[PDB]
Amino acid sequence: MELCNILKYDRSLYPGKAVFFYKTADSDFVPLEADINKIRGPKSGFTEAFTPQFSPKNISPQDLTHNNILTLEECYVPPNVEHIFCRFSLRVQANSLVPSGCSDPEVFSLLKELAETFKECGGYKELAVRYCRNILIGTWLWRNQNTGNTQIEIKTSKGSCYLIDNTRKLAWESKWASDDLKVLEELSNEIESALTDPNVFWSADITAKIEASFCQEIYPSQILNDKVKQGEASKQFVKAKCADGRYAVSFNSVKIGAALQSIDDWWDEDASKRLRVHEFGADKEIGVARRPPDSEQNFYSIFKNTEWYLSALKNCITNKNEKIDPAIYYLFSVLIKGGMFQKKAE
Amino acid sequence: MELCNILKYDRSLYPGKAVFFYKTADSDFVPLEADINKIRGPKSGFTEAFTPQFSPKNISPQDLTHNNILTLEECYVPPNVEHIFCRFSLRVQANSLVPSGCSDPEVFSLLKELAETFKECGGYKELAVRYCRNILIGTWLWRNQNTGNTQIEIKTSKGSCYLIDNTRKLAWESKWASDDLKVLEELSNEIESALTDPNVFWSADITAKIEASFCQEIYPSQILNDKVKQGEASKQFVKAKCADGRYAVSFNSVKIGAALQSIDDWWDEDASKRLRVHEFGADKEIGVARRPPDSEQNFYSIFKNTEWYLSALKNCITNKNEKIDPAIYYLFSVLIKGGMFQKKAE
Amino acid sequence: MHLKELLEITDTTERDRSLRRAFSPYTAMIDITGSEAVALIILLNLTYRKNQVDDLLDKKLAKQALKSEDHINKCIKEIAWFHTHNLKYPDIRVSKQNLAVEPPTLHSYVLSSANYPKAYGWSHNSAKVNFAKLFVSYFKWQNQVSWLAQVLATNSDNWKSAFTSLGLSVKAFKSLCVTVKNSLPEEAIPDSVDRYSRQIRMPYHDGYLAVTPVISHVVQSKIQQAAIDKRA
DNA sequence: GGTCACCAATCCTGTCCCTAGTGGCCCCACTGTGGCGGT
DNA sequence: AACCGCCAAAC
């Protein structure tokens, strides 16, 4: 398959901003606010004391005991507040069936036929389970995950109401209780229907309820600020402005999206870690690409052999016992993410 | 006929500007404002990792795990806001009957006769239905369309009030309810009168009311920045400056106009797609012209054969069982759109 | 300052660009007291188009123009349209008129063409704009501001060598010298006031006087060369 | 019946970090607005 | 002879 100069996909999953708040007796939404505090920062880095050749710098004996002035934002739970809440909305659309833009008509017809074949194999069910499992275990709380006993409550537009009692009892690999597997089964079927049917309008309202410790620290989204002045806060938080001029401390929609699409463990046969779905399988913790351009595991190498992978999917419908190739599961996870997958005319 | 040195048409449809807002208990107009967010984007492009000959570039192993710093404008619904409102005004004038400028009086008199013959055949009725149908299904919401349960409320200058209860139930090709067809029938008659009578002054106030999900993303018009500095945002939104000093996030007039005039499916006999009315029928998704210059389906080929089309229109009213040639329907959709259809002096 | 101080640049584009800028009236006048032959080659090569000439120091196409007495005839046709005051500014519809007069009376508090020596501009017909450049381009002789017609009018013996260095005849040269000296710009005042010339009424002895304001080439050229130097 | 008391005082000591990075594709309009000599 | 042709470039 040849990469055309226009090749476009819209994302299928639409999470909103996730907003941190608590409830009082009078109010049903009180926003969790951040305040600027100035603390002491000691000279602890390598470059504070040493040259690049691992030789001590010619500085004072006393200047290593001096402290940098840090201006930081902190978010703490107010005293005697029992529970904190984090909720976001998730809309799902069927945008991986057909490209949003395609210059080559032969590429368009192939990708349309591939998506229809993958749908009849039951491939969208497997992907929907992995997206669903990231919601139930609370991967989207990031650093607030399992800091207390967390109850996740999900209300869908069909009228279904799902409840996870404690996320500390659940993991990705662990053996789930019968009631928790029933929530995974039913909610995955609703997401699969939304991923595959353009005539369906599906939306969910997902709320986590964490049993807060006394004046516990909250870990929301931080703003990417290189251009920071001397007076301004070096660490700033992402905020949702309410109807009245109060700022609820918040997660980015892309941050929530990065958590739900942490499903990629196909890059190796005995791969334990799940990467955020990337075209080169970027692992910033290790600082390596798990699907390098040198290999055949990267997106563009798999997307060039589409006709070869369509032939393998056509041995689904009569057989239906053989699993789908991990390369094709990874392929459709990138189309659900969406992106600009084009190459210049030559 | 011969194309003149000067041959102008003023457009018939005048959409004002679509402004996104919400309502509190205090105010009936609170404008939806955008804010600059600085997020972390990966290196996912083809050119980041590959040469034009599909060979890997010579890069460090940590280069594909590095990020791009993105400065984007974001628009989310404030927390616990139930409904979001998109409002624009539409004025319809009779500008397709007579050219605004014409060098040749033989060309001018011919185009005046063609419009009057098309008027008595009931040709403006069919065109008015397609413009009206785009308003009722909410084509003009573009990416906000059917994201929630949308109610469209239309107030005309005659004193009529029309209401669509849910746009999710309606489509272009679907079978409508009895009450929804009555709204389409009555409002199409008011537009047809405005398109044909120069003495009639007609305007409509069109408001959509969308059931918002929690902190839902809004998709307004984006400005066309070809070159961007590192400080300013790469993605910026079209804004309406309110009377106080606040910027409501907005659609362009031409954006709303592009949606209303997405009526052209005459380019093929079994055409499923409706294009925005263009002289060459430009398909932006497929990246082809559905009415090429080589074909007889393009506007300038049809416009020079207008004597032959005027002959067929005069045999139309004598029967009124045989329908109007789709080339003539497409012709008058370009004159309603307006433009400068000028060759030169050889 | 001198001509061949700018000829030291080995790059011909930079050299010719600096030479074309040097001999244009929006810059200072360069000294050609040492260099008369090379000066005549470039001044006569300026008579051609920009896209017709690769290098201005090509000697042969200068001799092609000089030997052709359909080329020099046009250059001496354009001497009769040498003005001290441009009647075609800013309206070009002022049809076939030339104003050549002495500067007016010197006034202490105002600035005019009285504050400078008498220099000439050209304005007739766009088609012949290059053909004027030979005989209207100002340079510095010995220590004196001069143009080609004025320096060839009297002091011809100094330029005989420079003109005959290409292979021009003595007969043709002296006939060219006398016809140029005879075709020098006289005191030209138009016989009628043009339809597109602006007239105003100023209070005269016991009535009114019709006054047509015309710009001076000198004061404009000074303001232009002051503006390129970024002085105000 | 109407005003808002004087006399002096603003503390010294030490420091604001390290890592990495700001994307690909396509495009930037058609009409008109000349004087003058000549073949 | 009435009508196509010639002609410029600064920051």
Side-chain angles (χ1 to χ4, degrees), chain A residues 3-8 38-50 60 62-72 101 103 224 226-232 234 279 284 287 339-345, chain B residues 4-8 38-50 60 62-72 101 103 224 226-234 284 287 339-345, chain C residues 17 20-21 24-27 49-51 74 77 81 88 91-96 123-133 196 224-225 227-228 230:
Chain A
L3 295 180
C4 40
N5 58 308
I6 304 168
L7 194 40
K8 250 170 157 183
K38 307 215 195 63
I39 59 166
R40 275 174 176 162
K43 296 169 164 52
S44 51
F46 182 88
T47 61
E48 292 293 330
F50 291 105
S60 302
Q62 303 203 351
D63 76 323
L64 269 180
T65 70
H66 295 336
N67 294 300
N68 301 317
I69 302 176
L70 309 174
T71 310
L72 307 180
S103 280
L224 207 164
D226 301 31
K227 304 172 292 174
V228 59
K229 301 294 99 175
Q230 194 271 296
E232 295 294 322
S234 56
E279 285 81 335
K284 277 203 73 187
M340 304 158 52
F341 310 134
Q342 80 281 330
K343 180 189 161 171
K344 200 180 285 185
Chain B
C4 302
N5 287 260
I6 304 164
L7 189 49
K8 306 176 182 194
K38 293 189 177 65
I39 61 159
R40 177 191 271 177
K43 294 170 154 58
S44 55
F46 181 84
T47 63
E48 287 284 0
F50 291 111
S60 304
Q62 303 209 26
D63 278 328
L64 288 178
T65 56
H66 297 331
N67 291 296
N68 302 317
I69 301 176
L70 311 173
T71 314
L72 309 180
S103 300
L224 207 166
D226 59 338
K227 183 58 64 177
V228 66
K229 292 180 69 177
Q230 281 166 328
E232 66 194 341
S234 60
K284 291 98 173 187
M340 293 148 70
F341 321 115
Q342 61 202 353
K343 181 173 186 301
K344 218 186 166 66
Chain C
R17 167 170 185 290
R20 272 171 182 296
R21 279 179 61 70
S24 292
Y26 65 85
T27 48
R49 269 192 273 107
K50 189 165 270 189
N51 66 80
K74 293 175 184 306
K77 284 292 290 184
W81 303 105
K88 271 179 173 280
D91 197 353
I92 66 166
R93 289 178 295 174
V94 178
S95 188
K96 289 166 282 189
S123 176
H124 172 223
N125 179 35
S126 49
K128 317 299 178 179
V129 67
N130 303 317
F131 290 92
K133 294 189 184 182
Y196 300 103
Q224 292 320 298
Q225 85 188 46
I228 303 303
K230 298 175 66 64

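Reckoned from all heavy atoms, side chains included, excluding hydrogens, waters and symmetry mates. Note on naming: letters A, B, ... go to the chains in the order of the sequence lines (proteins, then strands), and numbering restarts at 1 for each one.
- Going from the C1' atom of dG37(D) to that of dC4(E) covers 13 Å, rounded to whole Å.
- Along DNA chain D, the nucleotide nearest to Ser95(C) and the one nearest to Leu72(A) differ in position, and the one closer to the 5' end is contacted by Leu72(A).
- Looking at residues 42-49 of chain A, you'll see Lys43(A), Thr47(A), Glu48(A) sit with a heavy atom under 4.0 Å from some atom of DNA chain D.
- Counting atom types as modelled, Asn125(C) pairs a side-chain N or O with a base atom of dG35(D) as donor and acceptor under 3.5 Å.
- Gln230(A) comes within 4.0 angstrom of a nucleotide base, judged by non-hydrogen atoms across all strands.
- Atom P of nucleotide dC6(E) and atom NZ of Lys74(C) are separated by 13 Å, given to the nearest angstrom.
- Residue contacts for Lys128(C): at a heavy-atom cut-off of 4.0 Å it reaches no nucleic acid atom on any strand shown.
- Donor-acceptor pairing under 3.5 Å, judged by distance alone, is present between the side chain of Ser126(C) and the base of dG34(D).
- North puckering is assigned to the sugar ring of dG24(D), since its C1'-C2'-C3'-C4' angle is above zero.
- Across all strands shown, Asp63(A) has no heavy atoms under 4.0 Å from either base or sugar-phosphate atoms.
- A positive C1'-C2'-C3'-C4' torsion places the sugar of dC25(D) in the north, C3'-endo-side range.
- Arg49(C) has its side chain within reach of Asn130(C): a pair of non-hydrogen atoms, C-beta onward, lies under 4.5 Å apart.
- The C1'-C2'-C3'-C4' torsion of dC12(D) is negative. Its sugar is therefore classed as south.
- With pairs defined as Watson-Crick or G-U wobble and both atom distances under 3.5 Å, the stems of at least three pairs that touch DNA chain D come out as D:34-36 with E:5-7.
- Taking atom CZ on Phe341(B) and atom P on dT31(D), their separation rounds to 15 Å, with Å as the unit.
- At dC7(E) the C1'-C2'-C3'-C4' dihedral is positive, so the sugar adopts a north, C3'-endo-type conformation.
- Taking atom NZ on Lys344(A) and atom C1' on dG24(D), their separation rounds to 9 Å, with Å as the unit.
- For the pair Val228(B) and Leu224(B), nearest-nucleotide mapping onto DNA chain D gives the more 5' position to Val228(B).
- Residue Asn5(B) is classed as having no contact, given no heavy-atom separation below 4.0 Å to the nucleic acid.
- Not counting sequence neighbours, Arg20(C) has no partner by the salt bridge (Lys or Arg N to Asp or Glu O under 4.0 Å) test.
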